[PDB]
Amino acid sequence: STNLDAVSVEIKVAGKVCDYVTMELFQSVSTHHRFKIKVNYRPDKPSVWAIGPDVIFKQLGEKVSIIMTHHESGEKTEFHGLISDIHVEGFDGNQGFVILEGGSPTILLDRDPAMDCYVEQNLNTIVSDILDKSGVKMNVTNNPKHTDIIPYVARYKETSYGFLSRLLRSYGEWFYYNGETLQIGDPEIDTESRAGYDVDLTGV
Amino acid sequence: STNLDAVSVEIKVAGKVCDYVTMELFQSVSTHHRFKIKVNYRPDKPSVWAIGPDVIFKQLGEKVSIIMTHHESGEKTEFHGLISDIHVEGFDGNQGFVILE
Amino acid sequence: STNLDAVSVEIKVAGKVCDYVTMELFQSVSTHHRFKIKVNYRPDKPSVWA
Amino acid sequence: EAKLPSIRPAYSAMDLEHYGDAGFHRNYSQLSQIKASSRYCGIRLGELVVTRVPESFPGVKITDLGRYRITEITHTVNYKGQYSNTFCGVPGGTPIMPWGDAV
Amino acid sequence: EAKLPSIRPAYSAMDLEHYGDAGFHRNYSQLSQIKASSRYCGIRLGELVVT
Amino acid sequence: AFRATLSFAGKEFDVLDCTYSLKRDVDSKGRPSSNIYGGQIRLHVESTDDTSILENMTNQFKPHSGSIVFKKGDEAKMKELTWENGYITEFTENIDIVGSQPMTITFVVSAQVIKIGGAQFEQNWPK
Amino acid sequence: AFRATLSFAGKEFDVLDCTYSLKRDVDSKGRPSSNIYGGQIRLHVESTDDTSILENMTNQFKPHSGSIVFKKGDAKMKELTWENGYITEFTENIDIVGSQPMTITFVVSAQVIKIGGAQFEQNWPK
Amino acid sequence: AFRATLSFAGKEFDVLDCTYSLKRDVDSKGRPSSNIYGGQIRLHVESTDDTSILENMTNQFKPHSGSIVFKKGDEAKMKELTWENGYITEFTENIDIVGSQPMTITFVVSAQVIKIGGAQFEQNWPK
Amino acid sequence: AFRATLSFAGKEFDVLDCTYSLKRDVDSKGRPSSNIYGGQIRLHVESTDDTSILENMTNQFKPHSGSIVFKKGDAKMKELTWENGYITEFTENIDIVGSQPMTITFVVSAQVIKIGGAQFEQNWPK
C-alpha cells in the first residue's frame, strides 16, 4: 500500500493491536528503559466511564511489544516490556483517555528494600539467587568475567536492582537490558552502520 | 556620525579578535566566574568541516580577554580567563558554529 | 440586578480590606500552608516611593 | 599525583589492577563524545556507528568524524504520526561502560 | 518477605505492633489515588467527598 | 422579496442577517474524534426606540426561548428556526451617520436545544 | 456556461462552489520530508426548504457517499466521488440586504476520494 | 499580451500565472549569514477532462522535469524556465459557477536544478 | 480644503497627513491603572531636492523643535508644536504611477507637545 511514512511503528498490548496518539521510548545501557503511551477512545465506541476505571486498572503488569520498521532498507527494532502505571482522566465532558506507563522488567525489581548477606559465593551464583526469588518472568544471559570467590558481600537496606546494579558495576561488568534479554557480561558485539552529515543524520 | 552603541564589548581569543553573535558572563564573590561565547563562521570563509573539529579542539586552555567600554562616560571593565570545553554544532546542511565555555 | 462571580474572595490585612490583583493559597495535611498576594497601588494615591 | 582508597575490598594484587583499570577507562572515555539526531531506526543500542561528512561539501579533505558505541537513544512519534530519534555515544574502543545510577 | 529495622526505639510488644501498622496503611493508601479540578469552594481540607 | 421576523420576549423585530454553525474535531488522518459542538446564533436587527434585548442580558438571569421565521415576499413561509433554554452572551449597538443602516443591534445566543425544520440539536447539560 | 450537480442522500442539489487539496512537507532544501495528507471536500449550495444535509450530520454514527458531476457548456467532463465519509462542519447563512438569500456551506471527511482515474486513500485502523 | 505554455509529462497546458523566488539570510548588521535557498515554482493553469498532474503527485513518486516558455506578441519566444529533479508538493482544484475562469488547478514544484536564460541555481543534495 | 505647513530646521514643507494619540491602561473592571503615555507624531511630507530631514536623523544627535500650522479658509486654525524631540523612523517612497510619487514619512518622539490650550509633559529625570 502506498502513502506510507519512512518508519512504521506497531504497538501490541497483551497480543492485541493498540490505537494510540503518541508514544515515547527511552533506552540506556546504565539505567531502566521507559515507555509512555497515550490511548484514545473513539466517539462510536464505549467511553472510559461505560467500561469503568477499575476494569481498566486490571491490565497492570501485562506485556507490551513495540516494533519499528524502515521500509526502504527493511530494518527493524523490537522492544518487550511490562506495564507498571495507569492513568484514566477526562476534561470538559469528553469520553476520556488512558495513559500507559512502564518499561523493562527491571523496573519491577526496584520496589523492595531488605537485608541479606552472602558468604563465599561468586558473582554467577549471587545473581541467580536474587533472580530466583523475584516473581518476575525474565530471561537472562549470566556470563560474568570475574570467576573467583568473594568472601563476603552484604545487602544493606536496598532493593534487588539497586543491590545488583551497585555490585556488578564496581567489578567493571556490563549489566543492561538489550530489548529481549538481560545481559550480564560483555556480549562481544561488533555490528557497524554508516551515518553521514546531511545524509540520514539531521544534526551532530 | 558612527551609530555606536552605548556600551561596546570586545573579545580576544589568544590575542586575536573574535567575531561573536552572543555572549554571557557571570561573576560572584562566592563562586566561579563563567562565560559562554558563540562564534560566527561566515559563508565566505572555510566552514567547521573544512577546518576540522580536532583542529578546533587545540584551543583548550588558551587565554580569553573581554573588555567593556562606556562611550559617554569613559568607564571600563576587564576580564581575563581560560577555555575549559568546546562544542561544535551544525544542523540541516549548515556550515556550523562553535560555543566556547 | 448586579453581576457577581460565582465565588467571592475577600482579603483583610490587620483588619483592613485589601485591594489585590492576583492571589494564591496552598493548603496541606502534611506540610505548611503558603499564600502569595499582589497589592495594587493606584495613580490617584501615594506611590510606593512616596 | 592524586591518591584515593578503593570503594570495595580487594583481596589480591590482580584485584586492584582490575579495579584501577575500570576507573581509568571511565575517566578517559569522557574526554570527547558525540550527540546526534536522525530519523533512521537502524541505529541500535550498544552497537557501533561510523560517522563522516560527504566529500561534496566545499573544501573538505578529511572525511572521518569518528567511530562510536551507542550508550542511549530516545524514540518519539508525535501526534501527526512522524518518527524521530536522538542518541549519544562514547568512542568505540572503550571496554568499560559508564557508572550510571549506582549508589 | 522483606525485613527492615525500626527507625524509632520500641519498648514493648504493643509499640512495635502500632509502628508496623502505621507503616502498612501508608503504603497501602498509595495503590490508588485521585486528582481533580473545580470551581466550587465547598471542598475543604481533611473532609470527605463522594464522586 | 425576502424577509425574516424574530419573535422574542413578546415582541417582533426586523432581521437583516442571521447565521449558525456546527463542528466536529478531526484526527490527523481525517477520522472524526469528537462529538458535535456549537449551535450559537448570531442575529442582526434594526433598533427602534426601545431597549428589551439589553435588559434580558443585564437585568435577567433566566433561560428564554425565541423563533425566527423566513418568508419569500409575495409572504410564503418555508422555514422556522427556534431555540430553547438559552442565554445572550454578546451584545453590541452601532450608530453611523453616513447612510445605509443608521442604527442597528447585533447579539449572540447560546442555547441547549436548536430546532430547524425536521432536524434538532440537543446538548448534554447534566442537572 | 457551466453546471455542477451534487447527488447526495437520494437527492439532487445545485452546486455554487467546490474545492479539494493535498499537501506534503519539505525540509528547507526542498527535499520532501513526509507523506501526503489532506483530502477534505468543501461545498457551497443554495438552500431550498429541504433540511436533509443537516439531518445527515446529526446522525453521527453512519458513513455515507456522494457524487459531483461537472457539465461544460450546452456533457459530463469530470466526476468526483467519495465513500465512507462524514460531515464535519456545517454553516447556514441568510443575508437579506445583500444577494444570495440563503446558502449552505459544509465539509466532508472521507476515506477515499476519486476523480477521473486518480484516487487518494487513507488508512483507518478498524 | 503575453502567452505561456507548460510542457509536462508529454502534454501541453495553458498557463495563467507563474512565480519563483530565492532567499538569503541576513545578519543584524546587514551582512549575509547564509547561502541561497528556495527555488520553488508556483503555477496556475487551466483545467480540463484530463487528470495527469494529480496522477504524478499521488499515483507516482519519481522525480520529473518540466519546461515553461513565454511568448510575446500575437512566435518570438521570450524566455524559457526549466526544472529537473523535482516533486509536486501542493495541489488544489477550484470551480466557481459565477465569475471568470470556471475550473483551475494550482500546484507548487520543489526541484533541485532551476535554469532560466543564462542563470543556473543548483542545490547541494548530498545523496 | 486645508493647508498644513511644517516649519523644521529653518525650512518649510508641505504636509499631506498628520496624527498623534495618547493612551492609558485599564483594570479588568474598567478602572484606569496607569498614567498617560504616548505622544508620538506621525507626518507625511512631499519630497523635493533638499534632504534636510535625513541629515537630522543621521548626521546629528541633538534634540530639536518644530511646528505645524493648519489653515482651513486659506485662516490660521490650530498649531501643534514640539520641543526636545528625536526622529525615530524614516521612510522615502517612489512610485511612478502618479498621485504625489516622491514622499517622505517620519515619526517624532518628543518630551513636550502643545496644541491650543492643551499640554502634555513627560517625566525624563536627569
# chains A, B, ... in the order shown; residues from 1 in each chain; ligands from 1

$ select_by_dssp --residues "chain B" --states "strand (DSSP E or B)" --output "ChimeraX atom specification"
/B:7-13,16-17,20-26,34-39,63-70,76-82,86-89,91,97-100

$ residues_around --residues "region 77-94 of chain G" --least-positions-apart "5" --cutoff "6 Å" --atoms "only C-alpha atoms" --output "VMD selection string"
(chain F and resid 17 to 24) or (chain G and resid 57 63 to 71 101 to 115) or (chain H and resid 49)

$ calpha_fit_rmsd --fixed "chain H" --moving "chain F"
0.6 Å

$ residues_around --residues "residue 69 (chain B)" --least-positions-apart "5" --cutoff "9 Å" --atoms "only C-alpha atoms" --output "ChimeraX atom specification"
/B:6-10,74-77

$ write_last_selection --atoms "C-alpha atoms" --output "CSV table (one decimal), in the first residue's frame"
chain,number,residue,atom,x,y,z
B,6,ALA,CA,26.1,52.9,24.4
B,7,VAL,CA,28.4,50.1,25.6
B,8,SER,CA,31.0,48.4,23.3
B,9,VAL,CA,32.2,44.8,24.1
B,10,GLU,CA,35.4,43.4,22.6
B,74,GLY,CA,34.7,56.6,29.7
B,75,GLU,CA,34.2,53.7,32.2
B,76,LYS,CA,35.7,50.3,31.5
B,77,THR,CA,35.6,46.7,32.7

$ residues_around --residues "region 57-74 of chain F" --least-positions-apart "4" --cutoff "8 Å" --atoms "only C-alpha atoms" --output "list in words"
residues 1 and 2 of chain C; 1, 2, 3, 4, 5, 6, 7, 8, 9, 53, 78, 79, 80, 81, 82, 83, 84, 85, 86, 87, 88 and 89 of chain F

$ interface_residues --of "chain A" --to "chain D" --cutoff "7 Å" --atoms "only C-alpha atoms" --output "compact mmCIF listing (two decimals) with C-alpha atoms, in the first residue's frame"
# COMPACT_ATOMS: atom_id res chain seq x y z
CA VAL A 7 9.23 4.37 9.55
CA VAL A 21 -1.99 9.01 19.58
CA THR A 22 1.57 9.49 20.89
CA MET A 23 4.38 7.21 22.06
CA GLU A 24 7.77 7.68 23.71
CA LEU A 25 10.56 5.18 24.46
CA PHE A 26 13.92 5.67 26.20
CA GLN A 27 16.77 3.14 26.27
CA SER A 28 20.08 3.16 28.18
CA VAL A 29 22.99 0.85 28.99
CA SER A 30 23.18 2.05 32.61
CA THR A 31 19.55 2.73 33.60
CA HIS A 70 12.10 1.02 7.95
CA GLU A 75 15.50 -2.81 9.10
CA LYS A 76 13.59 -3.29 12.35
CA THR A 77 13.86 -2.69 16.10
CA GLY A 162 19.88 -1.39 43.46
CA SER A 165 23.45 -2.59 39.93
CA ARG A 166 25.97 -1.44 42.55
CA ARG A 169 29.46 -2.23 38.17
CA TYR A 171 33.62 -5.02 39.37
CA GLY A 172 33.51 -3.44 35.89
CA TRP A 174 28.37 -4.90 31.65
CA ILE A 189 29.04 -7.25 19.61
CA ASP A 190 30.74 -5.82 16.50
CA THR A 191 27.98 -4.65 14.16
CA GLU A 192 28.69 -1.46 12.23
CA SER A 193 26.49 1.03 10.41
CA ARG A 194 27.42 4.16 8.47
CA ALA A 195 25.90 7.59 9.03
CA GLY A 196 26.67 10.86 7.26
CA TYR A 197 26.09 14.50 8.00
CA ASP A 200 20.26 10.32 7.37
CA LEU A 201 21.76 12.49 10.15
CA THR A 202 19.83 15.73 10.67
CA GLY A 203 22.18 17.12 13.34
CA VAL A 204 25.53 16.49 15.04

$ interface_residues --of "chain H" --to "chain B" --cutoff "8 Å" --atoms "only C-alpha atoms" --output "JSON, numbers by chain"
{"H": [33, 34, 35]}

$ write_last_selection --atoms "C-alpha atoms" --output "PDB file, in the first residue's frame"
ATOM      1  CA  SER H  33      24.813  34.988   7.056  1.00  0.00           C
ATOM      2  CA  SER H  34      23.903  32.042   4.801  1.00  0.00           C
ATOM      3  CA  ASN H  35      23.724  30.974   1.160  1.00  0.00           C
TER       4      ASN H  35
END
